[PDB]
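K.L.:
Residue numbers (this note's numbering), protein chains in the order written: chain A, 1 to 360; chain B, 1001 to 1216; chain C, 2001 to 2216; chain D, 3001 to 3072.
Got a structure here, written out as structure tokens. Questions coming.
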Amino acid sequence: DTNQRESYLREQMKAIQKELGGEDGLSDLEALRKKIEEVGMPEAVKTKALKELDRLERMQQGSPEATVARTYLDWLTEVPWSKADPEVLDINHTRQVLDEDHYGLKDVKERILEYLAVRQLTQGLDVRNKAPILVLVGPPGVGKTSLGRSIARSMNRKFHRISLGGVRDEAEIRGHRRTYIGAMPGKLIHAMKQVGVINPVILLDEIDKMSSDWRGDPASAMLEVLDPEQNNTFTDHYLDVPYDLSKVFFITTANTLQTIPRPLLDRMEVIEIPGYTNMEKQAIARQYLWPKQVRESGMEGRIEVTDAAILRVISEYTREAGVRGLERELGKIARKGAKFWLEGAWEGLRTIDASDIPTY
Amino acid sequence: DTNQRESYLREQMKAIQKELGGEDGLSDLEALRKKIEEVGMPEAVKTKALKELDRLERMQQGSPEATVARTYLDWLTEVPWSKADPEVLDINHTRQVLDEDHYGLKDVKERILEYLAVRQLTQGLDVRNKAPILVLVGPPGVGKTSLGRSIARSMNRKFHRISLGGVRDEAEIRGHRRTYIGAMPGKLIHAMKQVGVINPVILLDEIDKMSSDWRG
Amino acid sequence: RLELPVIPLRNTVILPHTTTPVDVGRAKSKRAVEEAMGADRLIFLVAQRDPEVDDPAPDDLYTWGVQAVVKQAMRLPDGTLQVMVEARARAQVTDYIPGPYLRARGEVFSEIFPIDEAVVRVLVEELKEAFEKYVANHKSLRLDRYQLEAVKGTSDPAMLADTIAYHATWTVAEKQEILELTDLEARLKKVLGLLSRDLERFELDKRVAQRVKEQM
Amino acid sequence: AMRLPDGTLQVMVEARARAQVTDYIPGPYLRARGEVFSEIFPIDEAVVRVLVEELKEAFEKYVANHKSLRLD
Ligand SMILES: Nc1ncnc2c1ncn2[C@@H]1O[C@H](COP(=O)(O)OP(=O)(O)OP(O)(O)=S)[C@@H](O)[C@H]1O
């Protein structure tokens, strides 16, 4: 009875197939095979998938190798295959966006609007480009990230970003070959995993801030994803089949010309980003900075500052080149305005002149 | 019909699980199924629990898929869902609380006034932040966590402490997918399973004493 | 009727207009049997709860008492007085008079015939076909053929309704909810829904039965 | 008409026609002005008869859609 009744219990724990509950997953990784089939994948990916799915269903318990194999299966299926985005095939919308939201960027938006125009002149939107991918160089916090977000909004494809600065090896740009629980791909595969389409607008953060010493040089991997003739055959260390990276746009950022590595310095379009002047940041603070401090700290129509006091702030509370320091000062003004308003609203609309600034 | 047929699955397989040769599940798949579909928690819990049914009906001893079904089920259920403490929204209350709990330098008190006075203006038909998160810097000996529990008591919220000087990877704060026990979930969901409401104050201790020892 | 003797029913409520056996094993019910043969063969049958206390209680009864005209009453020397009762209709129980033997007064029959009887006859024919399908399919789960034979050739809709509701096997709470429903169509809708639920768990039994041969 | 024993005036009437109130005489009791009849007789009775038959079929469907919400 101990053998036969337990065998019939095995018959029950498979033969119920969880019924209504089993409808989802179809008995543990039938639905993952279904989702291999559902996602339109390259054929080498599908052969690797079906092969290592046959490496699965092998008594998962007592085998964390089957756990990391199902993990690899998830990455394979979750990675977006044949899922695109609508684009904009005009340069006019990018003109209206970067004339609209970001205060012209003083002249250099047109040097961007030539690059996007040249990119949309390339016929068929073909894989070969032999072309640069628009590096941005400039002192920190000058709108470059929101510049890329704007360019993707004009593109009407979703922006993304990954702070790749400070990484010491290739082992999390390519991942590593699977051997245990906790096996992980590169950061780029994480990035395009949390982007559910196969043609995003990817913005690199700190290529010049990469570090090298041990566990393989990631500069090979950035070079391998760098060239449009090369990123189409970018393969992994976690994954196997080379991934197609032609449709994926790569805006990149940096901070220093002279510490980006030599294979990543050639074939690149250098844009030296400027920093809005005092009065230009005054104009910025008047319409897109202090209004957002007002709109996020919840004080619309309940406070105001004179712009000579904004001159007093920029001349006295922020000597950084960018706007993040001025953003922090205007945040502190927003917070002390919230306190001095929640002390009892003495006015229906406050008045911040240049006098009481070391009181707010 | 789906719920009653799954209840028929509950009834048949609770009659089945009593004599299992798979014993580390302890026949508690249907015992904890009372909060799979007789649950007063949202359709995230319902859909997760429907997949837990697919994660039941499995054996044990070494990497069990059904023990991790019930451990995951408890983790989802024990973690509060749409359960909230009544939090008092007052700032002068905190002026008394920080007067009754500390001697005070009377300087940082103004800073938490700044932040909480912003917190009084949480608008937009919800509570959305886009705001700083109060880094506290200074000696360890100074009553920082005392200040935090003062703020938590001032807000009628459950103070906790999980420290991040002791995490080296995204496996002590991130999880692993529920297919084996011996995967143990992270610190914030540890502290959130500790609390019975979905809204605690959490103070973080010594963020600067963290390192990337292993890959990641 | 009023102040008639009360016999607690054995393990299930006896629905009207079905030839059923009623066991009388306890002496406290035997005294009310001896009283009920002094009431012109008419018994106000009030059922007790599913855990049958050995003596009838003035708090464990049900709120519906059925009046039964005794076709014949045979006595047996084994200790059980099996009585052949053919009941008429449910009636409400106002309150409980303690015994033993128990007494409970009622009123006129709660079965009513409302307007729009064409819909009533359509529902009777639909429920007759659905119960014929339920009886013909449930040969594996032991549904009898005399139960299907005893529901053919009925004059009142209450005849077929209560007889079919007795001839299908489910719990006591659903039968109590049926006897609460004095409407002529709501009882038919309830029986149709319960038959659909039983046929769907029956389908669930064949689903697990296919995956029996699959996964063997 | 007749008088109910509980203190209610019960009257069985059939309405004649619609009218428009021009001026309101103050009350109580209330007074109304208007016309003796302002109804419109059917013209082009083929479409009217088609509409009557369609309304009859739609009302038959409406009363036939009830299963536990019975109507007279
Ligand atoms: N033309 C502009 N130049 C600089 N900052 C701007 C400009 N337009 C808007 N901003 C503000 O810039 C802030 C966010 O961007 P920044 O701090 O300038 O830089 P970032 O894009 O966040 O990071 P970078 O520039 O890539 S290092 C917001 O508060 C915007 O209001």
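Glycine residues also receive a C-beta, built at the ideal position from the N, C-alpha and C atoms.
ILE357/A to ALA309/A, Cα distance in whole Å?
P.N.:
Mapped onto the first sequence, residue 357/A falls at position 357. Mapped onto the first sequence, residue 309/A falls at position 309. Straight-line Cα distance between these residues: approximately 8 Å.
K.L.:
Counting only runs that start and end within the segment 1134-1161 of chain B, where is the beta strand (DSSP E) found for 3 or more residues in a row?
P.N.:
The segment 1134-1161 of chain B contains no whole beta strand (DSSP E) run of 3 or more residues.
K.L.:
Across which residues does DSSP place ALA2068/C in a beta bridge pair?
P.N.:
By 1-based counting over the third sequence, the position of residue 2068/C is 68. For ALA2068/C, which the question treats as bridged, DSSP gives the partners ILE2043/C and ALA2087/C.
K.L.:
For the beta strand (DSSP E) containing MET3002/D, list its first residue and its last residue.
P.N.:
As a first step, residue 3002/D must be located in the fourth sequence, where it is residue number 2. Residues 3002-3004.
K.L.:
When you check each C-beta in the segment 1096-1125 of chain B against every C-beta of chain A, which residues fall closer than 9 Å?
P.N.:
Listed by position along the chain: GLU1110, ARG1111, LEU1113, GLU1114, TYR1115, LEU1116, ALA1117, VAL1118, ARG1119, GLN1120, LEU1121, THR1122, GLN1123 and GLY1124.
K.L.:
Short of 8 Å in beta carbon distance, which residues of its chain neighbour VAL3048/D, apart from the five on each side in sequence? Order them along the chain.
P.N.:
Along the fourth sequence, one-based indexing puts residue 3048/D at 48. Result list for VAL3048/D: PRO3042, in chain order.
K.L.:
With respect to 7 Å, is the separation between the Cβ of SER154/A and the closest non-hydrogen atom of ligand 1 below this value?
P.N.:
Along the first sequence, read from residue 1 onward, the residue named residue 154/A stands at position 154. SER154/A: no, Cβ never under 7 Å from ligand 1.
K.L.:
Within the continuous alpha helix (DSSP H) that includes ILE2164/C, where are the two ends?
P.N.:
Counting from one through the third sequence, the residue named residue 2164/C turns up at place 164. Its alpha helix (DSSP H) spans residues 2157-2167.
K.L.:
Would you mind telling me which residues of chain D sit closer than 8 Å to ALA2186/C, beta carbon to beta carbon, in chain order?
P.N.:
Walking along the third sequence from the start, residue 2186/C turns up at place 186. Under the 8 Å cutoff, chain D gives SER3068.
K.L.:
Assign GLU1023/B to buried or exposed, taking buried as 16 or more other Cβ atoms, counted over all protein chains shown, within 10 Å of its Cβ.
P.N.:
Indexing the second sequence from 1 puts residue 1023/B at position 23. Looking at its Cβ environment, which holds fewer than 16 other Cβ atoms inside 10 Å, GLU1023/B is exposed.
K.L.:
Mark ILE2112/C as exposed unless 16 or more other C-beta atoms lie within 10 angstroms of its C-beta, in which case mark it buried.
P.N.:
As a working mapping, residue 2112/C is identified with position 112 in the third sequence. Its Cβ having fewer than 16 others within 10 Å, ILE2112/C is exposed.
K.L.:
Kindly list the residues whose CB is nearer than 8 Å to the CB of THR2182/C, restricted to its own chain and excluding five residues on each side of it in sequence; keep chain order.
P.N.:
Taking the first residue of the third sequence as 1, we reach residue 2182/C at position 182. Answer for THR2182/C: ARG2090, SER2110, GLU2111 and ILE2112, listed in chain order.
K.L.:
From the DSSP output, read off the bridge partner residues of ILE251/A.
P.N.:
As a working mapping, residue 251/A is identified with position 251 in the first sequence. The partner list for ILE251/A (beta bridge, DSSP) reads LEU203/A.
K.L.:
Within its chain, find whatever has a CB closer than 8 Å to the CB of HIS1160/B; leave out the 5 residues flanking it on each side and keep chain order.
P.N.:
Counting from 1 along the second sequence, the entry for residue 1160/B is found at position 160. The answer, listed in chain order, is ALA1191, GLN1194, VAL1195, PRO1200, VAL1201, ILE1202 and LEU1203.
K.L.:
Do you know whose CA, among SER220/A, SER7/A, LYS281/A and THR253/A, lies nearest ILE273/A's CA?
P.N.:
Here residue 273/A refers to the residue found at position 273 when the first sequence is read from its first residue. Nearest option by C-alpha distance: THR253/A.
K.L.:
Do you know offhand how far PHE340/A's Cα is from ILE333/A's?
P.N.:
The residue you call residue 340/A lines up with position 340 of the first sequence. The residue you call residue 333/A lines up with position 333 of the first sequence. C-alpha separation (whole angstroms): 10 Å.
K.L.:
What residues match up with residue 375/A in a beta bridge as DSSP calls it?
P.N.:
Since the first and last residues shown for chain A are 1 and 360, residue 375/A lies out of range.
K.L.:
How would you write the range of the alpha helix (DSSP H) that residue 366/A sits in, first residue to last?
P.N.:
No answer is possible for residue 366/A: it lies beyond the span of chain A, which begins at 1 and ends at 360.
K.L.:
Note down, in chain order, all residues in the segment 1001-1015 of chain B with a beta-carbon under 7 Å from any beta-carbon belonging to chain C.
P.N.:
Result list: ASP1001, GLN1004, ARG1005 and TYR1008.
K.L.:
Starting from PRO291/A, follow the alpha helix (DSSP H) in both directions and report where the run begins and ends.
P.N.:
For the purposes of this step, residue 291/A is taken as the residue at position 291 of the first sequence. From DSSP, the alpha helix (DSSP H) with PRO291/A extends over 290-296.
K.L.:
Applying the criterion that 16 or more other CB atoms from any shown protein chain within 10 Å of the CB defines a buried residue, is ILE189/A buried or exposed?
P.N.:
Locating residue 189/A in the first sequence gives position 189, where the first residue counts as 1. It is buried - the Cβ of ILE189/A has at least 16 other Cβ atoms within 10 Å.
K.L.:
Using a Cβ-based criterion (distance less than 7 Å to any ligand heavy atom), does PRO140/A qualify as near ligand 1?
P.N.:
On the first sequence, position 140 is the one that residue 140/A refers to. It does: the Cβ of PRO140/A is within 7 Å (strictly closer) of some heavy atom of ligand 1.
K.L.:
Tell me which residues share the same chain as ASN1003/B and place their Cβ nearer than 7 Å to its Cβ, disregarding the 5 neighbours each side in the sequence.
P.N.:
Working through the second sequence from its first residue, we reach residue 1003/B at position 3. The residues are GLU1037.
K.L.:
Look at the alpha carbon of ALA1117/B and the alpha carbon of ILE16/A, and state the distance between them as a whole number of angstroms.
P.N.:
Start at 1 with the first residue of the second sequence, and residue 1117/B comes out as number 117. Start at 1 with the first residue of the first sequence, and residue 16/A comes out as number 16. About 57 Å.
K.L.:
Can you give me the start and stop residues for the beta strand (DSSP E) that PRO2021/C sits inside?
P.N.:
For this step, residue 2021/C is matched to residue 21 along the third sequence. Segment 2020-2022, the beta strand (DSSP E) holding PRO2021/C.
K.L.:
Measuring CB atoms only, is the segment 1062-1072 of chain B touching the segment 1121-1128 of chain B, in the sense that at least three cross pairs come out at less than 8 Å?
P.N.:
Flag = no, the segment 1062-1072 of chain B and the segment 1121-1128 of chain B do not touch.
K.L.:
In terms of alpha-carbon separation, which member of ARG1168/B, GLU1206/B and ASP1208/B lies closest to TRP1214/B?
P.N.:
Taking the first residue of the second sequence as position 1, residue 1214/B is located at position 214. Out of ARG1168/B, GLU1206/B and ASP1208/B, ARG1168/B has the C-alpha closest to the C-alpha of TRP1214/B.
K.L.:
Between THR2018/C and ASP2162/C, which are expected to be in contact by the criterion C-beta below 8 Å, what is the C-beta distance as a whole number of angstroms?
P.N.:
Translated into the one-based positions of the third sequence, residue 2018/C becomes position 18. Translated into the one-based positions of the third sequence, residue 2162/C becomes position 162. The pair is a contact, with the Cβ atoms about 7 Å apart (cut-off 8 Å).
K.L.:
Does ligand 1 have a heavy atom nearer than 7 Å to the CB of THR318/A?
P.N.:
For the purposes of this step, residue 318/A is identified with residue 318 of the first sequence, where counting begins at 1. Flag unset: Cβ of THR318/A not near ligand 1.
K.L.:
Report whether the distance from the Cβ of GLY166/A to the nearest heavy atom of ligand 1 is below 7 Å.
P.N.:
Here residue 166/A corresponds to residue number 166 of the first sequence, with the count starting at 1. It does not: the Cβ of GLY166/A is nowhere closer than 7 Å to a heavy atom of ligand 1.
K.L.:
Apart from the five residues just before and just after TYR2166/C, which ones in its own chain have a Cβ nearer than 6 Å to its Cβ?
P.N.:
Here residue 2166/C refers to the residue found at position 166 of the third sequence. If we look at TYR2166/C and ignore the five residues flanking it on each side, its Cβ neighbours are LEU2015 and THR2018.
K.L.:
Should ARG177/A go down as buried or exposed, given a rule of 16 or more other Cβ atoms within 10 Å for buried?
P.N.:
As a first step, residue 177/A must be located in the first sequence, where it is residue number 177. It counts as exposed.
K.L.:
Between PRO2077/C and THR2169/C, what straight-line distance do the alpha-carbon atoms span, to the nearest angstrom?
P.N.:
Position 77 of the third sequence holds residue 2077/C. Position 169 of the third sequence holds residue 2169/C. Using only the alpha carbons, I get a separation of about 30 Å.
K.L.:
Going by the C-beta, is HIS160/A closer than 7 Å to any heavy atom of ligand 1?
P.N.:
The count along the first sequence starts at 1 and reaches residue 160/A at position 160. The answer is no for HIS160/A.
K.L.:
Looking at the C-beta of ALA1152/B, does it have a partner C-beta in chain A at a distance below 8 Å?
P.N.:
Along the second sequence, one-based indexing puts residue 1152/B at 152. No, its Cβ sits nowhere closer than 8 Å to a Cβ of chain A.
K.L.:
Would you tell me roughly how many angstroms separate the C-alpha atoms of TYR3029/D and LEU2123/C, rounded to the nearest one?
P.N.:
Looking up residue 3029/D in the fourth sequence gives position 29. Looking up residue 2123/C in the third sequence gives position 123. Whole-angstrom Cα-Cα distance: 53 Å.
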